[PDB]
Every structure is written in structure tokens, then in C-alpha cells.
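# Inside the fold
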Amino acid sequence: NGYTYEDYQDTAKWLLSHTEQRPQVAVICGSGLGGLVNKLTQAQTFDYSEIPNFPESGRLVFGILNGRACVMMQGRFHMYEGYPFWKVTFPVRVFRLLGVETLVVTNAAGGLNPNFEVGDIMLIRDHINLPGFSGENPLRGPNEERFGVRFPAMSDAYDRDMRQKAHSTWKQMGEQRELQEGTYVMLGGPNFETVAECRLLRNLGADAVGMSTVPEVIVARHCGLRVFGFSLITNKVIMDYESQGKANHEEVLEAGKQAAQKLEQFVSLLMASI
Amino acid sequence: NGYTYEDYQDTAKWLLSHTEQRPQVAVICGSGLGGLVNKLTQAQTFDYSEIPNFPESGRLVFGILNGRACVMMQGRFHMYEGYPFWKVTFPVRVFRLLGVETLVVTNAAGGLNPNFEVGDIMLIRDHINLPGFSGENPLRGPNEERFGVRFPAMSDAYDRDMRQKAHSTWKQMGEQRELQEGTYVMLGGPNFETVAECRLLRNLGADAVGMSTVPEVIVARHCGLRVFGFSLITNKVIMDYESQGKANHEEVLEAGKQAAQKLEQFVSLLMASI
Amino acid sequence: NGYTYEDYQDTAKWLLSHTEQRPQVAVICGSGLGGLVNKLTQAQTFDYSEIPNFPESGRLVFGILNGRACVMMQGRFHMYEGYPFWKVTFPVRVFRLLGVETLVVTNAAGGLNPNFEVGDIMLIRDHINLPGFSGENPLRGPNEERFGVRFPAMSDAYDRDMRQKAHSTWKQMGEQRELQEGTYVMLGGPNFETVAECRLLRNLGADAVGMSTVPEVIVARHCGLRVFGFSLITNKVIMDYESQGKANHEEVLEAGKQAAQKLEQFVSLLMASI
Ligand SMILES: O=c1[nH]cnc2c([C@@H]3O[C@H](CO)[C@H]4O[C@@H](CP(=O)(O)O)O[C@H]43)c[nH]c12
Ligand SMILES: O=c1[nH]cnc2c([C@@H]3O[C@H](CO)[C@H]4O[C@@H](CP(=O)(O)O)O[C@H]43)c[nH]c12
Ligand SMILES: O=c1[nH]cnc2c([C@@H]3O[C@H](CO)[C@H]4O[C@@H](CP(=O)(O)O)O[C@H]43)c[nH]c12
Ligand SMILES: [Mg+2]
Ligand SMILES: [Mg+2]
Ligand SMILES: [Mg+2]
Ligand SMILES: [Zn+2]
Ligand SMILES: [Zn+2]
Ligand SMILES: [Zn+2]
């Protein structure tokens, strides 16, 4: 870890003296949810560039959403951009020092489960941390007891009650497609997977594949935060050689734009379940 | 990535001013194919040590092979020697700047498919990038748009037409053994795999296991190169505990020497299919 | 690798001039076996802090155990603490330079095999090196021929004869539970695995999961050492979502304390089988 405990405190101190807002919930906006910061009331924005110690991008926005005090990251950091996990997850620890109690994390992912369709929303019930198997972990290094324990458990990382309420909220929205729920696997990227790799990941028990989130969840659980997350299925991964399809970021972005309104409403409504 | 865009250009410039040769095809010679540089006509060799910015080894040879202008790497770089992938793949980007359009990559690999025999040639139809799952990727870092896109697809990395023609060429050579075709999995090395690991890799869907190639293919596809590759099966990996066999580099080298003449003829002939 | 050949020699020289002991066996004490150093006779201890070049912790103890000259590490190094594998395995090469011929390595591990119970001892018959698949390997870098070969085989890493004798010794101890034997998989840590990851590891063929040992075994085999190892099953990993259990280090430590007397007797007795 490159940051000292003091660096985290210094950043939290700067934020507390520049806004009267005191968030209880933090939201890391993944693909398709970037526009959520526009729904906040009594909002205050800080470009990441103005906040001491923050990694380069991106804006941090404080405000009220459906009755809850929130702090949102419009744009996140990725291992594929060259960032070490201690940088990617820096904001999570700052949020804890600010008084946050719940972390909502979202992303865009390729569908491995054959029953998923583009546009589906998949609640993350569990994850598979591939980089972690090789030691690439935000917790690598001496443990800071002021945040958490040396060996934190992860089998109960995704809050059960929040997932239960998510389905209830979904029914109230009267959506046609059912709300999916499964396992998210994280890999480094930035290239899209080969057919052999996709077949491999599905056989490992994964339902969706992406390049983020897991590191943030690990750090959040370590410092005691409640966690809720979901993936927007932006594409169905290619599983055979006779297929003419091919993953492409252009289409992925469009899927995100198409689901934007739905994702924003979903999140706003679930604020009351926290 | 440690190299700047300018470093690549500088190296390409040095090469262009030191030889009149203008290659259209690049060949990275793996185990057993080191002698191919001796078949080139109007050849010109440069030890890697004389080329500015080149990683340490190894010779770069320009020349004509069966009617095609080529540039060949006699000796490649490996992650197990301590090289980061941005170093291992440096030559691939230089080749693109030189005007190359097709990359032929070869290697020696252990056979996982039970039907393979020592001496067999396996066309690479797909790959599994294990280091990539953990973020070890030549593309890690800010993307250079002058080479390619941020999220390149890899499901169609190994050119279908070239593989089709490879089988046709094989029949004309009248070989006894059939030309194999499957999935190559790359791992770091340098130790040979345990029985448990071999069983694991086979269950992942891999047909052959090696310690190179994949990084070069990823960088090649990113910058638009057409790719063709194959593995020389130098040994059948140990799959059980009651077996007395044991992988050893001495035997692997001998298998390469035994297939040398065959590999050289095969490559020379397939030059006309490009 | 950060250490020079001379660094290893310098450390071995310091140790040889500070004790008359000349060990033939080295024991790296994992969880639950820390108290074994108290059974040595004619013992001499060196805190790791007093030995030039040694990584930070931990004590190195020389002495006689059941008739054999030994050198034991009371405390080991882990990748999750931030140590590169060339640091974690430094002592193994020093032991070889001292004249050691056999390495005994032990650890605490989570049980993946459904038949294992807390307190069980599992002889390590094989391993799966996940960090190694991505290149994280103590042998990464130029090879030092004075220690071993560039491509060492690992399929016969765990000595068959010693495992055979281990079962004989077990019967003489008249234990109620049978001595288990299987595959150990190493991952980075420090967090405990999710349910999805545990299901994944079991399907890979692993019987126990831990965060050490493998790197030490790889380096030992490379320099010619005979190797014997075993895991103390400190907990049964959570394999389903309806389970209320959850891995926790407190319970893991207690399991180690409960098996301490048994582990110490087991090791002392097997000294005669070396
Ligand atoms: O098929 C996929 N494989 C791996 N990743 C992805 C993604 C995610 O969107 C981007 C590429 O279009 C990648 O960048 C991240 C985006 P996010 O911050 O996780 O929402 O994860 C990947 C979508 N589909 C796939
Ligand atoms: O059984 C194998 N497992 C992993 N790698 C290999 C290899 C390859 O040859 C060398 C060891 O003899 C290694 O070095 C590279 C050679 P290449 O540049 O990929 O042709 O990949 C490995 C052969 N058999 C096996
Ligand atoms: O369930 C487990 N998963 C991964 N590791 C472990 C362990 C090992 O004990 C510690 C955590 O309690 C970790 O630290 C090491 C200890 P050792 O030096 O290998 O004996 O490996 C892990 C026990 N149970 C599990
Ligand atoms: Mg700044
Ligand atoms: Mg030079
Ligand atoms: Mg010291
Ligand atoms: Zn100010
Ligand atoms: Zn000149
Ligand atoms: Zn002294």
C-alpha cells in the first residue's frame, strides 16, 4: 500500500471542511449510471483533481437522493489503466472515515449465464476474484488494524437483506424482465475474452464477467461497510466458434445508454431500503 | 508500459535506414524453428544488441522466403526471464510501424490433449491467457490510440483462412500424422507443471501448455496484424501419479531438433498462403 | 530476484561461524507447530533480526530432534504481508548452502475435501500454484545454475518414500482419525474465500487451500532438496449459501493450539524416517 493512514485522514478532513454534507451511503457509479449524480438535491461537486491525494480520472458528488444523504463517484478507477489496487480503492476508505455505512457498487458486464439478455440487471450475490488468486489484492501489505482485521471473511460480502428488498422494489416498478442474480467474476482486461476463456469462466460457476468492483468490495468489507452491488448485462459473450458476433465497446456503451433511465430509477428507489 | 510512442518510431527509423528490405510478414521463431533464418535469400542480420531500444536476448533477420518479404526473430523473450510484457512484445509494435501486415508465431508446448504425440504440430485456434486474468497484460496502462483501441476483441485472433490453407499445405506435403488444431494455454513458468495442475489445465479446455506467444498475439491484434500460430508438441505432460515419466528440457530440445526440417518446410510453404 | 549469489553465501557464512551445529534437516513451522523449537536439545536460537540479509518477521533455531541435526524456522514469511517470493524463500537457499538435504514444510489450511474434519492432518501429495500461473514465481528472473536448472520439474516434488513412512508412523501413534493425503492449492490472501471461489477450487481438484508453502517447495526442489509437507485442517470452508458458518482466524488459531501436542509428536517421530 502506498498511502499512509494519515493520507486518508487528510483527505477526509479536506472534504469535511469544504461541504456541510454528511453522507451515510456511498455509490460508485459503473457503466450506464453516470447520470445518477444529476438526480441529487442540495448537491455539491468536487472534480477528483481538486481533492488532495485522489487518483487521477471524474467527479465526487455529495447530495440527497430519495431521502438519503449520499456521496457518489461519477467515474471509477481500473486495474487495466495501470492503477494498483491500493489506488483503485482509496476512496472507499475515505468514505468510511467520513461516516458512510453502506456502499452501493455497480458495473457493466458480459453475460456468461445463457439465460441472460442484453439490458438485464444482475444482483451480485457473490464474486470470484481471479487477480486475488495470484496475490493482486488491495489488502496486500501490513494490515492497518484501524480499518480492519488481517484475515477478513468474504463469504457474506453481499448483504442478504438488501438483495431481498431489491426484488420487492423491482416488482413495484413492474418490469417485464425478471431481476437476475448471480456470481460476478473479475479479471484484469482490457481485451475482451476469447471463446475458450468464456467457456472456462462459465464452468468456474460465473454468471457475469467484468473488470472492476471486486477490489472495492474487499476493501469495503474489511472496514465494516454494508455492501450491495449489481451488473448491467451489456453483451452476451461469444461461446462458440461458428458465431459471427464479437464483443465491441461501441455496442456496450449503447446498451448502457439504453438502460440509463431504468438504472437511475432502480437505485433511487432502493435508497429507502438501506 | 515503459516505452514511449517515440521509442518505437526511433527503432523503426533506425531499421529502415540500415536495410533496403521492406517486410510484409514477421515470424517469431519458437523452439525448433531457430534455423529458419538460414533459408532466407538476400538476407540481412542485426544482432538484437545493435538495435536501439531492443530488449536483451538473439538476432533480427530480414530476407525473402518463398517469394515473400519477411523479418524474423531468431529467439524471443519470456516472462520467466524477468521481462515485463511491454518488453516481451516491443518488437511486435516495431514490426507494425515497418509496414508488416501478418504475424506468424510459433512455440514448443506440452501436450494436454491425450491424442497428441511428440512431434505433432498443433495449429493454434484459440488461447487461454492465465496471466491476463490477474492483470499481467502488455496493454495494461493508458491506451495508445495510434496503435489500437482501449478494449480490443480477441475471440477472432487466429485467422480462419490461414488455418484452412494450413491443412491444404499439409496434405501436399503428404505427412503421415494429421495436423492437430486446438487451444493453447499460457502460464508463467519456468518450472514444469505438477500432475494436479496438468489435470486442471486439461479440464479448462486447453490442448497444449506453454510459456509464451499469447502476449505477442494480444499486441498484434491490438495494432491490426493478421495472426497465425502453431505449437510443436515436444512432450506429453504427466497426468497421473503412477507414471514414471517426468518433463525435462533436454528431451524437449531433442524433439525440437527432430522436427526442425519439417517445421522449416511447413513454414516456407505456407508463405504463399499469406 | 533481489538477492545476489554472494548475499546467500554471506548469510550462510555468518551462521556457520556463530554455531557449531551442522543441520541435515530444515523444518519450516506452520500454524500449530511453533512450539516444536522447544523440543530441540543442544539448541541455539538466532532472532531473524540478528541474521544479516534475513527478511523481517521470528527465530531460527538449531538443535537435535530425535537424533537428527535440524534447523527450524519458528515463523515464516507470506506474500500477503507484501513480501516478494524471492524474499519469502530466501532461507531455503541458505539452508542448502549450510548442507541441509531435506526440507519439512507445514501449514494450516481450509478443508475443501468434504471428508476432512477440523484437526485432521493432510499429507501434501501434490500442489496447485495459482500465483505461478500468472508468473509470480520465486524462480522468475535469470537462472542461477549454481543452485539448479532453468526448467525444473515439479511432478515429483513431494517425496513418495517419506509419505509412505508417515502412514507407518501414524499407526504406531495409534491415532483414531486416519491420516489424510491430498492436493494443496495456494492463493495469495489475506481474505478468506467466497463460496463461489471455494466451489471453484474444489472442482480444480484441490483438497486443502492455504496461503503459503508452495513457493518454498519450488525453490527447495530447484536446489535439490528432498521435500515432505503436510497441512493441519483448521476449518471446513463454506461451500453453500444457506450455511451460517464463516471462516474466522480466531477459530483457526484455536484449532492450531488443540493440535499442537499431536503435531509435535508426529514430526519428532518422523525424524527417524528421513
Ligand atoms: O464482455 C465483457 N468482458 C469483460 N468486461 C466487460 C465489460 C465492462 O465494460 C468495459 C468494456 O466495454 C470494461 O470496463 C469496465 C467497466 P465498469 O467500470 O466495470 O462498469 O469493465 C468492463 C462489458 N462487457 C464485458
Ligand atoms: O510441458 C511443458 N509445460 C510448459 N512449457 C513447455 C514447453 C516450452 O519449452 C520450454 C521448456 O522446455 C519453455 O520455454 C518456452 C519455449 P517457446 O519460446 O514458447 O518455444 O515455453 C516452454 C515445452 N514443454 C512444456
Ligand atoms: O480457509 C482458509 N483459506 C485460506 N487460508 C487458510 C488458512 C491459513 O491460516 C491463516 C489464516 O487463518 C493464513 O495464513 C497462512 C498460515 P500458514 O503459514 O500457511 O500456516 O495461510 C492461511 C487457514 N484456513 C484457511
Ligand atoms: Mg491530484
Ligand atoms: Mg541495447
Ligand atoms: Mg535485518
Ligand atoms: Zn478550500
Ligand atoms: Zn548506422
Ligand atoms: Zn558475531
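Structure determination for this entry is recorded as X-ray crystallography, at 1.70 Å resolution.

## Considering the pattern of salt bridges
Residue and element names in this part refer to chain A. Tallied over the entire structure, the rule returns 24 salt bridges over all chains. Between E216 and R76 there is a salt bridge, and its shortest N-O distance comes to 2.9 Å. Taken together, the residues span a long stretch of sequence, with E216 in helix α7 (residues 214-222) and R76 in the loop between β4 (68-74) and α2 (85-88) at a distance of 140 residues. On the basis of relative accessible area, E216 is assigned to the buried category, the value being 2%. What makes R76 buried here is its relative accessible area of 11%.

## So, the site of ligand 3
In the region of ligand 3, 21 residues are neighbours, and C:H78, C:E193, C:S212, C:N235 and C:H249 sit closest. One chain alone does not account for the residues near ligand 3; they come from chains A and C. Interatomic distance of 2.6 Å between a side-chain N/O atom of C:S212 and an oxygen atom of ligand 3. Protein chains bury 97% of the 520 Å² of accessible surface belonging to ligand 3 in isolation. Those elements that provide at least two residues to the shell around ligand 3 are β5 (102-111), β8 (208-210), β9 (226-236) and α8 (249-270) of chain C. The element contributing the most residues to the shell around ligand 3 is β5(C), with 4 residues. Here the shell around ligand 3 is built from residues that sort into 9 nonpolar, 10 polar and 2 charged.

## Looking at the interface of chain A and chain C
With 23 residues of chain A at the interface, the matching set in chain C holds 28 residues. Contributions of two or more residues to the side of chain A that touches chain C are made by β6 (121-129) and α4 (130-133) of chain A. Considering only residue class, the side of chain A that touches chain C consists of 10 nonpolar, 9 polar and 4 charged.

## Observations concerning the interface of chain B and chain A
How large an interface is tends to be reported as the accessible area lost when its parts come together. Each partner contributes to the interface: chain B provides 23 residues, whereas chain A provides 28 residues. At the level of elements, β6 (121-129) and α4 (130-133) of chain B are the ones that each hand at least two residues to the side of chain B that touches chain A. In terms of residue count, the dominant contributor to the side of chain B that touches chain A is β6(B) (5 residues). Residue classes in the side of chain B that touches chain A are distributed as 10 nonpolar, 9 polar and 4 charged.

## Let's talk about the site of ligand 2
Taken together, 21 residues lie around ligand 2, and B:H78, B:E193, B:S212, B:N235 and B:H249 are the ones closest in. The site occupied by ligand 2 is bordered by residues of chains B and C. Side-chain polar atom of B:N235 to a nitrogen atom of ligand 2: 2.9 Å apart, as the coordinates give it. One nitrogen or oxygen atom from the side chain of B:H249 is found 2.7 Å from an oxygen atom belonging to ligand 2. The fraction of the free accessible surface of ligand 2 (520 Å²) that becomes covered by protein chains is 97%. Of all the secondary structure elements, the ones that give two or more residues to the shell around ligand 2 are β5 (102-111), β8 (208-210), β9 (226-236) and α8 (249-270) of chain B. Element by element, the count of residues in the shell around ligand 2 is highest for β5(B), at 4 residues.

What counts and what doesn't
Within each chain the first residue of the written sequence is number 1 and the count goes on from 1 in that order, possibly differing from the entry; residues lacking coordinates are omitted. Ligands are numbered from 1 and chains lettered from A, in the order in which they are written. Side-chain calculation: all heavy atoms of the structure are included, whereas hydrogens and water are not. Residues with missing side-chain atoms are left out of burial classes, side-chain pairs and their counts. One speaks of a salt bridge when a side-chain nitrogen belonging to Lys or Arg is within 4 Å of a carboxyl oxygen belonging to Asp or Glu. Secondary structure elements follow DSSP: runs of H or I of four or more residues count as helices, runs of E of two or more count as strands, with numbering from the N terminus. Only protein chains enter the accessibility calculation, which uses a 1.4 Å probe. A residue is then buried if its area is under 20% of the maximum for its type, exposed if over 50%, and partly exposed in between. Summary of the distance rule: residues count as near a molecule or strand when at least one heavy atom falls within 4 Å of that molecule or strand. Two N or O atoms form a polar contact when they lie within 3.5 Å of each other; inside protein one atom must be a possible hydrogen donor and the other a possible acceptor, and for residues adjacent in sequence the pair counts only when both atoms belong to side chains. Accessible surface is estimated by sampling points in the Shrake-Rupley manner with a 1.4 Å probe; for residues, cover comes only from the protein chains shown. Side-chain classes are defined by residue name, with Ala, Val, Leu, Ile, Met, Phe, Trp, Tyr, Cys and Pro counting as nonpolar, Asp, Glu, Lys and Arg as charged, and the others, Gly among them, as polar. In what follows, a contact means two residues having at least one pair of non-hydrogen atoms within 4.5 Å.

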